[PDB]
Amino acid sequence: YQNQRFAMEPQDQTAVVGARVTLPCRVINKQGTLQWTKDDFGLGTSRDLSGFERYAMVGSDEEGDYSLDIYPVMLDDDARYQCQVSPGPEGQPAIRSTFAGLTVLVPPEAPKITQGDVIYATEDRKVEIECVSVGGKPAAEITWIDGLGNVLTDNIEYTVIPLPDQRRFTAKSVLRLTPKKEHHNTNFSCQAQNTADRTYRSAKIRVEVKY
């Protein structure tokens, strides 16, 4: 009845690198010691959380509020969190909150076309144009457009390559082009965007054609 219990428990959240994120935890009739774990690692029991320079427990003691405040968010924060309270002095039972997953989003590097600024093609001599978006979490989507902003979906092969950290991804989109004679000095552009991006980013290449 009077045993310590949660008024609020953390829920899954998603946040971009550099952002602030606060995982809620509030206790009614708090009796034991409160602590957050991160992937089952105890973060510590004092509000300043020494050892973790970007973490602190904020809120007032009177309200039982020990929310885990993270700023700035970094990729290393992508993990499972839990709010815990140890048993009370009279044996009031320990309590453990719902686990809360923090998903951290990472904007990719600027998209780049491997072939550079200009490609010198020959009519009917098939050629590859590769757009690359390095290190996004999640992988960036890539759209191709022609000289007039018409989206292409033909002759395009999109692939994803995980980075060694197994969290970030490099996205690649290959446009296989059969250079028509009219294609001379036309442009092709790729547009890359992941869910961390505020809008898409673009790269462009000019195509020259002989014959």
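For every residue, the number given is its place in the sequence shown, counted from 1.
Taking the mean of the C-alpha B-factors per stretch from the entry, tell me the winner out of 175-183 and 29-37.
-> Of 29-37 and 175-183, the stretch with the higher C-alpha B-factor average is 175-183.
State which stretch shows the higher mean Cα B factor in the entry: 12-20 or 198-206.
-> The recorded data point to 198-206.
Tell me, please, which of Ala79, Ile129, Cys83, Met74 has the highest C-alpha B factor according to the deposited entry?
-> Highest C-alpha B-factor among the listed options: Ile129.
Looking at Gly149, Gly51, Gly42, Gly59, which has the highest CA B-factor as recorded?
-> Across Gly149, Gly51, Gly42, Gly59, the entry lists the biggest C-alpha B-factor for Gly149.
Ranked against its chain, the third holding the CA B-factor of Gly91 | According to the entry, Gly91 has a C-alpha B-factor in the chain's highest third.
Assigned third (lowest, middle, highest) for the C-alpha B factor of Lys137 | Lowest third.
Select lowest, middle or highest to describe the third in which the CA B-factor of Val118 falls within its chain in this entry.
-> Highest third - that is where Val118 ends up once the chain's C-alpha B-factors are sorted.
Could you look up the Cα B-factor of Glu63 in the entry and say which third of the chain it sits in: lowest, middle or highest?
-> For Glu63, the deposited C-alpha B-factor lands in the middle third.
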